[PDB]
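See below for coords36.cif, which holds mmCIF, C-alpha atoms.
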data_final
#
loop_
_atom_site.group_PDB
_atom_site.id
_atom_site.type_symbol
_atom_site.label_atom_id
_atom_site.label_comp_id
_atom_site.auth_asym_id
_atom_site.auth_seq_id
_atom_site.Cartn_x
_atom_site.Cartn_y
_atom_site.Cartn_z
ATOM 1 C CA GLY V 519 64.249 79.827 -52.382
ATOM 2 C CA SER V 520 63.582 78.024 -55.721
ATOM 3 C CA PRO V 521 64.956 74.377 -56.074
ATOM 4 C CA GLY V 522 66.339 75.022 -59.581
ATOM 5 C CA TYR V 523 63.755 76.544 -61.999
ATOM 6 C CA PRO V 524 64.559 75.084 -65.548
ATOM 7 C CA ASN V 525 64.621 77.296 -68.673
ATOM 8 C CA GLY V 526 62.224 76.526 -71.533
ATOM 9 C CA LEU V 527 58.419 76.693 -71.426
ATOM 10 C CA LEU V 528 56.079 75.481 -74.239
ATOM 11 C CA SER V 529 59.223 75.670 -76.442
ATOM 12 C CA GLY V 530 61.483 73.412 -74.334
ATOM 13 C CA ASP V 531 60.199 69.879 -75.026
ATOM 14 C CA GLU V 532 57.318 70.867 -77.337
ATOM 15 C CA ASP V 533 59.564 72.326 -80.052
ATOM 16 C CA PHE V 534 61.242 69.082 -81.269
ATOM 17 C CA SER V 535 57.865 67.249 -81.199
ATOM 18 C CA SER V 536 57.110 69.036 -84.503
ATOM 19 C CA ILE V 537 60.445 67.836 -85.940
ATOM 20 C CA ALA V 538 60.125 64.270 -84.553
ATOM 21 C CA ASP V 539 57.004 63.643 -86.647
ATOM 22 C CA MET V 540 58.778 65.241 -89.644
ATOM 23 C CA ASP V 541 61.865 63.024 -89.205
ATOM 24 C CA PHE V 542 59.900 59.769 -88.593
ATOM 25 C CA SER V 543 58.269 60.023 -92.064
ATOM 26 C CA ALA V 544 61.654 60.698 -93.754
ATOM 27 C CA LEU V 545 63.315 57.639 -92.131
ATOM 28 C CA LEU V 546 60.669 55.246 -93.568
ATOM 29 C CA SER V 547 60.763 56.767 -97.078
ATOM 30 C CA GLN V 548 64.581 56.317 -97.306
ATOM 31 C CA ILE V 549 64.521 52.522 -96.714
ATOM 32 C CA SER V 550 61.585 51.533 -98.975
ATOM 33 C CA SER V 551 61.821 54.445 -101.516
ATOM 34 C CA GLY R 586 79.577 70.912 -55.418
ATOM 35 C CA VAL R 587 79.980 67.421 -53.920
ATOM 36 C CA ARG R 588 80.859 64.508 -56.254
ATOM 37 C CA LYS R 589 78.889 61.233 -56.021
ATOM 38 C CA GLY R 590 79.335 57.686 -57.452
ATOM 39 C CA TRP R 591 77.817 58.547 -60.887
ATOM 40 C CA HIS R 592 80.505 61.218 -61.584
ATOM 41 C CA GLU R 593 83.401 58.697 -61.318
ATOM 42 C CA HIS R 594 81.217 55.983 -62.917
ATOM 43 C CA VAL R 595 80.112 57.853 -66.101
ATOM 44 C CA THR R 596 82.508 57.364 -69.041
ATOM 45 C CA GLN R 597 82.855 58.734 -72.586
ATOM 46 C CA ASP R 598 81.673 55.258 -73.697
ATOM 47 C CA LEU R 599 78.470 55.497 -71.571
ATOM 48 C CA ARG R 600 77.456 58.932 -72.973
ATOM 49 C CA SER R 601 77.448 57.320 -76.460
ATOM 50 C CA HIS R 602 75.264 54.356 -75.323
ATOM 51 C CA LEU R 603 72.953 56.831 -73.497
ATOM 52 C CA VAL R 604 72.367 58.576 -76.850
ATOM 53 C CA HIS R 605 72.126 55.175 -78.634
ATOM 54 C CA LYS R 606 69.525 54.377 -75.930
ATOM 55 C CA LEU R 607 67.756 57.602 -76.896
ATOM 56 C CA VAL R 608 67.848 57.165 -80.712
ATOM 57 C CA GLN R 609 66.419 53.594 -80.441
ATOM 58 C CA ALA R 610 63.376 54.772 -78.440
ATOM 59 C CA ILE R 611 62.685 57.707 -80.815
ATOM 60 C CA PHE R 612 63.258 55.627 -83.987
ATOM 61 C CA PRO R 613 64.165 51.822 -83.961
ATOM 62 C CA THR R 614 66.973 50.926 -86.402
ATOM 63 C CA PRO R 615 66.140 48.539 -89.342
ATOM 64 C CA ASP R 616 69.723 48.666 -90.642
ATOM 65 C CA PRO R 617 73.076 49.753 -88.998
ATOM 66 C CA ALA R 618 73.486 51.992 -92.103
ATOM 67 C CA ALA R 619 70.552 54.231 -90.997
ATOM 68 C CA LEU R 620 72.863 55.566 -88.238
ATOM 69 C CA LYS R 621 75.122 57.233 -90.861
ATOM 70 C CA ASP R 622 72.182 59.098 -92.484
ATOM 71 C CA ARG R 623 71.632 62.904 -92.570
ATOM 72 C CA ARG R 624 68.021 63.065 -91.209
ATOM 73 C CA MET R 625 68.987 60.638 -88.384
ATOM 74 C CA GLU R 626 71.978 62.794 -87.300
ATOM 75 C CA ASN R 627 69.581 65.779 -86.848
ATOM 76 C CA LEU R 628 67.802 64.324 -83.762
ATOM 77 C CA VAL R 629 71.150 62.771 -82.689
ATOM 78 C CA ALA R 630 71.960 66.465 -82.225
ATOM 79 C CA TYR R 631 68.852 66.690 -79.991
ATOM 80 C CA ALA R 632 70.010 63.709 -77.866
ATOM 81 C CA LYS R 633 73.710 64.755 -77.879
ATOM 82 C CA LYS R 634 72.580 67.966 -76.121
ATOM 83 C CA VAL R 635 70.310 66.576 -73.350
ATOM 84 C CA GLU R 636 72.932 64.446 -71.447
ATOM 85 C CA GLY R 637 74.693 67.647 -70.267
ATOM 86 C CA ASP R 638 71.418 68.930 -68.767
ATOM 87 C CA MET R 639 71.270 65.730 -66.643
ATOM 88 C CA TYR R 640 74.829 66.352 -65.366
ATOM 89 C CA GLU R 641 73.941 69.758 -63.830
ATOM 90 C CA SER R 642 70.438 68.748 -62.631
ATOM 91 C CA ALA R 643 70.903 65.168 -61.324
ATOM 92 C CA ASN R 644 72.928 64.236 -58.210
ATOM 93 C CA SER R 645 72.460 60.424 -58.362
ATOM 94 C CA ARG R 646 72.829 57.554 -60.889
ATOM 95 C CA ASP R 647 69.106 56.660 -60.547
ATOM 96 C CA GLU R 648 67.989 60.279 -61.236
ATOM 97 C CA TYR R 649 70.541 60.945 -64.034
ATOM 98 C CA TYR R 650 69.464 57.795 -65.975
ATOM 99 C CA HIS R 651 65.776 58.639 -65.161
ATOM 100 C CA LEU R 652 65.786 62.136 -66.749
ATOM 101 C CA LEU R 653 67.066 60.602 -70.029
ATOM 102 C CA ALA R 654 64.481 57.773 -69.639
ATOM 103 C CA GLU R 655 61.499 60.138 -69.080
ATOM 104 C CA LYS R 656 62.052 61.842 -72.501
ATOM 105 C CA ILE R 657 62.184 58.259 -73.845
ATOM 106 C CA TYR R 658 58.627 57.452 -72.641
ATOM 107 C CA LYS R 659 57.474 61.052 -73.264
ATOM 108 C CA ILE R 660 58.498 60.938 -76.988
ATOM 109 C CA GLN R 661 56.720 57.542 -77.265
ATOM 110 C CA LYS R 662 53.500 59.479 -76.405
ATOM 111 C CA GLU R 663 53.575 61.777 -79.481
ATOM 112 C CA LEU R 664 54.148 58.873 -81.944
ATOM 113 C CA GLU R 665 51.026 57.302 -80.338
ATOM 114 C CA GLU R 666 48.964 60.480 -81.036
ATOM 115 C CA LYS R 667 49.522 59.954 -84.795
ATOM 116 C CA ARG R 668 48.744 56.207 -84.459
ATOM 117 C CA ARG R 669 45.281 56.199 -82.785
ATOM 118 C CA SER R 670 43.871 59.685 -83.556
ATOM 119 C CA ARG R 671 46.288 60.492 -86.487
ATOM 120 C CA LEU R 672 46.739 63.968 -84.901
#

Structure translated into structure tokens:
Amino acid sequence: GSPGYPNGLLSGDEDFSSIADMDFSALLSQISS
Amino acid sequence: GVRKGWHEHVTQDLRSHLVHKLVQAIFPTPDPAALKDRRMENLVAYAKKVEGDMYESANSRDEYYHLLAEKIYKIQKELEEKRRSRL
């Protein structure tokens, strides 16, 4: 019964996707200024 | 739990190149000095965490390296949503 069942739904891999578009804009602004 | 080839094959030097494989797919490095930045270390803390979830879930070297590689193509999707549709 059940092969594993991972923890984290809608907030497991979808939570850093809001930070990864916040951190991509800060990495470009720090090199060109 | 039975130990396979990957367990005696994975080093402390691999786990650093697995994260350096992860940080290059999320954001490519212009300068080697960008790796010592504050904002860069924040998602390094995202990728430092995931490797240990592959150690409990994967039983092979091809699955272990695949779970880290699927986030790599899956994060490339979201950067493409801002590129074509800007949303």

query: R:622, R:598, R:648, R:636: which is nearest chain V, counting only C-alpha atoms?
result: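 When distances to chain V are compared using only C-alpha atoms, the smallest one comes from R:622.
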
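Taking CA of residue 591 (chain R) as the reference point, CA of residue 531 (chain V) is found at 25.3 Å.
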
message: I'd like the contact shell of region 533-543 of chain V - 8 Å cut-off, only C-alpha atoms, skipping same-chain residues fewer than 3 positions apart - returned as a ChimeraX atom specification.
response: /V:528-530,546-547 /R:611-612,624-625,628,660,663-664

field: Reference answer for the PyMOL selection byres ((chain R and resi 644) around 10), as a ChimeraX atom specification
entry: /R:586-592,639-643,645-649

Please, what is the axis-aligned box for every listed atom of region 539-547 of chain V with 5 Å on each side, as centre and edge lengths in Å to one decimal, as AutoDock Vina command-line options?
--center_x 60.2 --center_y 60.2 --center_z -91.9 --size_x 16.3 --size_y 20.0 --size_z 20.4

- prompt: CA of residue 655 (chain R) to CA of residue 632 (chain R): how many Å, to one decimal?
  reply: 12.7 Å

query: If we count all atoms listed in the file, what is near residue 629 (chain R) at a cut-off of 9 Å, once residues fewer than 3 positions away on the same chain are taken out, given as a list in words?
result: residues 604, 605, 607, 608, 625, 626, 632, 633 and 634 of chain R

task: May I ask for the distance between CA of residue 670 (chain R) and CA of residue 619 (chain R), given in Å to one decimal place?
output: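 Between CA of residue 670 (chain R) and CA of residue 619 (chain R) the gap works out to 28.2 Å.
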
Proximity to chain V - best of R:601, R:593, R:651, R:623, all atoms listed in the file: R:623

query: Between R:631, R:615, R:620, R:609, which has the minimum distance to residue 661 (chain R) (counting only C-alpha atoms)?
result: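 Closest to residue 661 (chain R), using only C-alpha atoms: R:609.
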
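The residue that comes closest to chain V, out of R:594, R:669, R:614, R:652 and on the basis of only C-alpha atoms, is R:614.
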